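Colleague: What follows is a single structure, and I will ask about it in a moment.
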Amino acid sequence: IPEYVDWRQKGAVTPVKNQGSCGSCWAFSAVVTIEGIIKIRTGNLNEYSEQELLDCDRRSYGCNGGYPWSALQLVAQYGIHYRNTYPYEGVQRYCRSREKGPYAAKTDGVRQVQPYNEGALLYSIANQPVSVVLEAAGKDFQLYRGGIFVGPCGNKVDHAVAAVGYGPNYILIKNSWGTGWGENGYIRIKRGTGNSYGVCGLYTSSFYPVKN
Ligand SMILES: *[C@@H](C(=O)OCC)[C@H](O)C(=O)N[C@@H](CC(C)C)C(=O)NCCC(C)C
């Protein structure tokens with residue numbers, strides 16, 4: 001795998017989104033990985049529905065939080081609609097996936113990266129954008145403006161985001177806090193520190209969709 005990866009340069013990343021006050025990050029992270037793998041497999045970059053996962057993932061909890069793995073399982077089992085078809089509303093509502101016609105895209109499964117293993121995550125990101133979790137509660141992270149973030153942060157992961165690239169000393173993260181946070185909505189988090197958890201627990205729980 002290469003020394004630099006940046007799925008934005010390969011046209012596999014849609015514009016940065018803002019989840020608002022709703023605890024819907026698990027869905028934004030999952031959707032990022034679906035947008036990426038659909039671009040990788042088909043050549044088309046589309047936006048897919050975070051709102052659909054909020055409403056329809058019966059194993060997540062809407063705006064009270066959820067599981068990127070559960071949302072990716074849902075996209076593999078049923079599918080997902082285009083964002084413009086099922087736009088983000090910032091509130092959980094009833095599942096409307098049936099009333100909106102056929103699903104726009106569908107995947108074939110979901111994998112987990114070996115946890116607490118930096119190289120396994122780098123391999124996965126070299127293949128595609130990956131759903132990852134981290135500790136975002138620390139004000140150092142909340143207030144991040146740019147540069148390669150080294151912390152301070154603990155391993156108390158509470159926030160799902162998406163890894164869309166990496167470099168020698170960092171992993172490139174698409175956050176769901178709008179384009180005004182960090183580096184136009186992105187954060188570069190230092191890697192290679194030898195702490196198995198990753199900076200801010202970045203290696204705790206990483207999933208990606210499978211699409212043949
Ligand atoms: C993420 C979010 O939107 O926070 C941004 C301010 C949610 O709080 C969330 O779903 N967190 C998630 C942690 C990752 C996805 C493992 C979580 O705790 N999910 C379990 C659901 C419930 C027990 C909170």
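Letters for chains follow the order of the structure tokens (A, B, ...), residue numbers begin at 1 for each chain, and ligand numbers begin at 1 in the order shown.
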With only C-alpha atoms and all ligand atoms counted, collect every polymer residue having an atom within 9 Å of ligand 1; state the result as a ChimeraX atom specification.
Modeller: /A:19-29,60-69,132-137,157-161,176-177,204-205
Colleague: Residues at most 6 Å from residue 55 in chain A, counting only C-alpha atoms, excluding those fewer than 4 positions away in the same chain, as number ranges by chain?
Modeller: A: 92-95
Colleague: Write the residues of the selection above to a file with N, CA, C and O atoms, as a compact mmCIF listing (two decimals), in the first residue's frame.
Modeller:
# COMPACT_ATOMS: atom_id res chain seq x y z
N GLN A 92 -34.80 11.92 14.34
CA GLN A 92 -35.26 10.60 13.95
C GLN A 92 -36.76 10.65 13.70
O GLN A 92 -37.52 11.20 14.50
N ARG A 93 -37.18 10.04 12.61
CA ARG A 93 -38.58 9.94 12.28
C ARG A 93 -38.83 8.47 11.98
O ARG A 93 -37.91 7.65 12.03
N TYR A 94 -40.06 8.14 11.62
CA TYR A 94 -40.34 6.76 11.22
C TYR A 94 -39.56 6.40 9.96
O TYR A 94 -39.23 7.26 9.14
N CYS A 95 -39.23 5.12 9.83
CA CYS A 95 -38.57 4.62 8.63
C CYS A 95 -39.45 4.74 7.39
O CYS A 95 -40.56 4.21 7.35
Colleague: Nearest to residue 206 in chain A: which of A:168, A:33, A:106, A:90 is it, counting only C-alpha atoms?
Modeller: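 So, comparing all the options, the nearest one is A:33.
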Colleague: Applying 9 Å and only C-alpha atoms, which residues near range 37-40 of chain A remain after dropping the ones on its own chain fewer than 2 positions away? List them as a list in words.
Modeller: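 Once the adjacent positions are removed, what remains is residues 10, 11, 12, 13, 32, 33, 34, 35, 42, 43, 44, 45, 46, 105, 106, 107, 128, 129, 208, 209, 210 and 211 of chain A.
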Colleague: Tell me which protein, DNA and RNA residues are within 9 Å of residue 195 in chain A, counting only C-alpha atoms, leaving out same-chain ones fewer than 4 positions away, and put them as a PDB file with N, CA, C and O atoms, in the first residue's frame.
Modeller:
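Contents of the output file around35.pdb:
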ATOM      1  N   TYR A 116      -7.090  -2.341  17.257  1.00  0.00           N
ATOM      2  CA  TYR A 116      -5.853  -2.055  17.966  1.00  0.00           C
ATOM      3  C   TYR A 116      -4.649  -2.446  17.113  1.00  0.00           C
ATOM      4  O   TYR A 116      -3.633  -2.935  17.612  1.00  0.00           O
ATOM      5  N   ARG A 191      -0.372   9.279  13.485  1.00  0.00           N
ATOM      6  CA  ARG A 191      -0.279   7.832  13.632  1.00  0.00           C
ATOM      7  C   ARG A 191       1.183   7.478  13.855  1.00  0.00           C
ATOM      8  O   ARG A 191       2.073   8.319  13.715  1.00  0.00           O
ATOM      9  N   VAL A 199      -4.202   7.298  18.528  1.00  0.00           N
ATOM     10  CA  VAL A 199      -4.529   8.601  19.083  1.00  0.00           C
ATOM     11  C   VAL A 199      -6.038   8.766  19.146  1.00  0.00           C
ATOM     12  O   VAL A 199      -6.754   8.501  18.171  1.00  0.00           O
TER      13      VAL A 199
END
Colleague: Name the residues of chain A that come out as helix (DSSP H, G or I) in a backbone DSSP run; write them as number ranges by chain.
Modeller: A: 25-42, 50-56, 68-77, 83-85, 118-127, 139-142, 199-201
Colleague: Within 12 Å of range 143-151 of chain A, counting only C-alpha atoms, which residues show up once you throw out same-chain ones fewer than 5 positions away? Write them as an NGL selection string, please.
Modeller: :A and (134-138 or 166-173 or 175 or 177 or 179-193 or 195 or 198-202)
Colleague: CA of residue 57 in chain A to CA of residue 36 in chain A: how many Å, to one decimal?
Modeller: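 Interatomic distance, CA of residue 57 in chain A to CA of residue 36 in chain A: 20.2 Å.
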Colleague: Could you list, as a ChimeraX atom specification, every residue within 12 Å of residue 123 in chain A, counting only C-alpha atoms and ignoring same-chain residues fewer than 3 positions away?
Modeller: /A:1-5,113-114,117-120,126-130,163-166,171,206,208
Colleague: Can you list, as a list in words, every protein, DNA or RNA residue that comes within 12 Å of residue 99 in chain A when you count only C-alpha atoms, leaving out same-chain residues fewer than 6 positions away?
Modeller: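 Skipping anything fewer than 6 positions along the chain leaves residues 52, 81, 85 and 86 of chain A.
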Colleague: If you keep N, CA, C and O atoms, can you produce a file of those selected residues as a PDB file, in the first residue's frame?
Modeller:
ATOM      1  N   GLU A  52     -31.888   8.026   6.262  1.00  0.00           N
ATOM      2  CA  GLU A  52     -32.460   6.696   6.114  1.00  0.00           C
ATOM      3  C   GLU A  52     -31.919   5.757   7.174  1.00  0.00           C
ATOM      4  O   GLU A  52     -32.670   4.966   7.750  1.00  0.00           O
ATOM      5  N   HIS A  81     -30.994   4.957  -0.131  1.00  0.00           N
ATOM      6  CA  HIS A  81     -31.469   5.912  -1.120  1.00  0.00           C
ATOM      7  C   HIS A  81     -30.486   7.064  -1.284  1.00  0.00           C
ATOM      8  O   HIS A  81     -29.633   7.313  -0.429  1.00  0.00           O
ATOM      9  N   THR A  85     -33.094  12.138  -2.248  1.00  0.00           N
ATOM     10  CA  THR A  85     -34.341  11.389  -2.139  1.00  0.00           C
ATOM     11  C   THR A  85     -34.812  11.283  -0.690  1.00  0.00           C
ATOM     12  O   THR A  85     -36.017  11.188  -0.435  1.00  0.00           O
ATOM     13  N   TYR A  86     -33.880  11.282   0.259  1.00  0.00           N
ATOM     14  CA  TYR A  86     -34.154  10.996   1.669  1.00  0.00           C
ATOM     15  C   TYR A  86     -33.231  11.931   2.442  1.00  0.00           C
ATOM     16  O   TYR A  86     -32.270  11.494   3.083  1.00  0.00           O
TER      17      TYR A  86
END
Colleague: Taking the chain letters and numbering used in this document, name the residues of chain A that DSSP puts in strand (DSSP E), as a PyMOL selection string.
Modeller: chain A and resi 5-6+109-112+130-134+148-149+159-166+170-174+186-190+207-210
Colleague: Write the residues of the selection above to a file with N, CA and C atoms, as an mmCIF file, in the first residue's frame.
Modeller:
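For reference, again_29.cif as written:
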data_model
loop_
_atom_site.group_PDB
_atom_site.id
_atom_site.type_symbol
_atom_site.label_atom_id
_atom_site.label_comp_id
_atom_site.auth_asym_id
_atom_site.auth_seq_id
_atom_site.Cartn_x
_atom_site.Cartn_y
_atom_site.Cartn_z
ATOM 1 N N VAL A 5 -2.401 8.155 0.892
ATOM 2 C CA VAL A 5 -3.726 7.859 0.364
ATOM 3 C C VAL A 5 -4.596 9.067 0.651
ATOM 4 N N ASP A 6 -5.413 9.457 -0.325
ATOM 5 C CA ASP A 6 -6.341 10.568 -0.125
ATOM 6 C C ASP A 6 -7.503 10.305 -1.079
ATOM 7 N N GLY A 109 -22.017 -6.682 2.042
ATOM 8 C CA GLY A 109 -21.678 -7.095 3.386
ATOM 9 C C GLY A 109 -20.909 -6.005 4.096
ATOM 10 N N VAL A 110 -20.368 -6.362 5.259
ATOM 11 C CA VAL A 110 -19.631 -5.423 6.097
ATOM 12 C C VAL A 110 -18.486 -6.185 6.762
ATOM 13 N N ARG A 111 -17.281 -5.618 6.742
ATOM 14 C CA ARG A 111 -16.123 -6.188 7.422
ATOM 15 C C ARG A 111 -15.699 -5.310 8.594
ATOM 16 N N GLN A 112 -15.043 -5.935 9.575
ATOM 17 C CA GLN A 112 -14.341 -5.213 10.627
ATOM 18 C C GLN A 112 -12.832 -5.316 10.415
ATOM 19 N N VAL A 130 -13.019 4.110 5.431
ATOM 20 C CA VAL A 130 -13.322 3.188 6.515
ATOM 21 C C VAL A 130 -14.067 3.957 7.597
ATOM 22 N N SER A 131 -15.056 3.322 8.201
ATOM 23 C CA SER A 131 -15.729 3.913 9.348
ATOM 24 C C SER A 131 -14.873 3.659 10.577
ATOM 25 N N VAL A 132 -14.549 4.718 11.323
ATOM 26 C CA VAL A 132 -13.710 4.585 12.511
ATOM 27 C C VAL A 132 -14.351 5.347 13.661
ATOM 28 N N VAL A 133 -13.889 5.057 14.874
ATOM 29 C CA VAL A 133 -14.386 5.756 16.046
ATOM 30 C C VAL A 133 -13.196 6.378 16.751
ATOM 31 N N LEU A 134 -13.495 7.391 17.543
ATOM 32 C CA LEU A 134 -12.482 8.113 18.288
ATOM 33 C C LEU A 134 -13.157 8.828 19.443
ATOM 34 N N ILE A 148 -1.574 18.351 12.130
ATOM 35 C CA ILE A 148 -1.650 16.951 12.508
ATOM 36 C C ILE A 148 -1.929 16.867 14.003
ATOM 37 N N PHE A 149 -3.122 16.409 14.346
ATOM 38 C CA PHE A 149 -3.584 16.389 15.724
ATOM 39 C C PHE A 149 -2.941 15.234 16.477
ATOM 40 N N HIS A 159 -17.372 8.826 19.218
ATOM 41 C CA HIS A 159 -17.671 9.593 18.016
ATOM 42 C C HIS A 159 -17.202 8.819 16.797
ATOM 43 N N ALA A 160 -18.121 8.589 15.868
ATOM 44 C CA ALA A 160 -17.832 7.863 14.645
ATOM 45 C C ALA A 160 -17.571 8.862 13.531
ATOM 46 N N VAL A 161 -16.514 8.616 12.772
ATOM 47 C CA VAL A 161 -16.061 9.491 11.702
ATOM 48 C C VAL A 161 -15.595 8.579 10.589
ATOM 49 N N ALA A 162 -14.956 9.135 9.561
ATOM 50 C CA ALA A 162 -14.536 8.280 8.463
ATOM 51 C C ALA A 162 -13.095 8.556 8.072
ATOM 52 N N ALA A 163 -12.304 7.502 7.925
ATOM 53 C CA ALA A 163 -10.933 7.638 7.461
ATOM 54 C C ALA A 163 -10.952 7.559 5.943
ATOM 55 N N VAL A 164 -10.450 8.612 5.301
ATOM 56 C CA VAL A 164 -10.473 8.730 3.852
ATOM 57 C C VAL A 164 -9.071 8.843 3.265
ATOM 58 N N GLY A 165 -8.041 8.683 4.085
ATOM 59 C CA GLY A 165 -6.683 8.709 3.575
ATOM 60 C C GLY A 165 -5.712 8.602 4.723
ATOM 61 N N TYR A 166 -4.432 8.722 4.392
ATOM 62 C CA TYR A 166 -3.400 8.678 5.420
ATOM 63 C C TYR A 166 -2.098 9.170 4.811
ATOM 64 N N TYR A 170 0.213 10.432 9.777
ATOM 65 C CA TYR A 170 -1.162 10.757 10.123
ATOM 66 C C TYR A 170 -2.143 9.834 9.417
ATOM 67 N N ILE A 171 -3.368 9.868 9.914
ATOM 68 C CA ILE A 171 -4.532 9.309 9.255
ATOM 69 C C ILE A 171 -5.494 10.459 9.007
ATOM 70 N N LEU A 172 -6.061 10.492 7.809
ATOM 71 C CA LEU A 172 -6.906 11.584 7.359
ATOM 72 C C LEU A 172 -8.366 11.251 7.624
ATOM 73 N N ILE A 173 -9.051 12.113 8.373
ATOM 74 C CA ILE A 173 -10.382 11.837 8.901
ATOM 75 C C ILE A 173 -11.355 12.891 8.386
ATOM 76 N N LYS A 174 -12.454 12.425 7.817
ATOM 77 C CA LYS A 174 -13.610 13.230 7.463
ATOM 78 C C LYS A 174 -14.550 13.243 8.658
ATOM 79 N N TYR A 186 -12.052 18.376 7.848
ATOM 80 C CA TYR A 186 -11.203 17.211 8.025
ATOM 81 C C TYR A 186 -10.298 17.402 9.230
ATOM 82 N N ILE A 187 -9.775 16.290 9.730
ATOM 83 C CA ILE A 187 -8.720 16.312 10.731
ATOM 84 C C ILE A 187 -7.654 15.306 10.350
ATOM 85 N N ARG A 188 -6.402 15.687 10.507
ATOM 86 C CA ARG A 188 -5.312 14.734 10.381
ATOM 87 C C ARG A 188 -4.845 14.356 11.772
ATOM 88 N N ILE A 189 -4.941 13.072 12.103
ATOM 89 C CA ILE A 189 -4.611 12.585 13.435
ATOM 90 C C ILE A 189 -3.306 11.819 13.325
ATOM 91 N N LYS A 190 -2.360 12.155 14.187
ATOM 92 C CA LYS A 190 -1.052 11.524 14.148
ATOM 93 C C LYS A 190 -1.194 10.005 14.242
ATOM 94 N N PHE A 207 -14.958 -0.356 10.671
ATOM 95 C CA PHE A 207 -15.780 -1.181 9.805
ATOM 96 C C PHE A 207 -15.785 -0.554 8.424
ATOM 97 N N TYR A 208 -15.983 -1.395 7.415
ATOM 98 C CA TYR A 208 -16.117 -0.898 6.056
ATOM 99 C C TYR A 208 -17.109 -1.788 5.332
ATOM 100 N N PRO A 209 -17.818 -1.259 4.343
ATOM 101 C CA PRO A 209 -18.743 -2.082 3.568
ATOM 102 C C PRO A 209 -18.028 -2.924 2.531
ATOM 103 N N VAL A 210 -18.655 -4.048 2.208
ATOM 104 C CA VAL A 210 -18.182 -4.948 1.173
ATOM 105 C C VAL A 210 -19.167 -4.864 0.022
#
Colleague: For CA of residue 141 in chain A and CA of residue 197 in chain A, quote the distance in Å rounded to one decimal.
Modeller: 16.4 Å
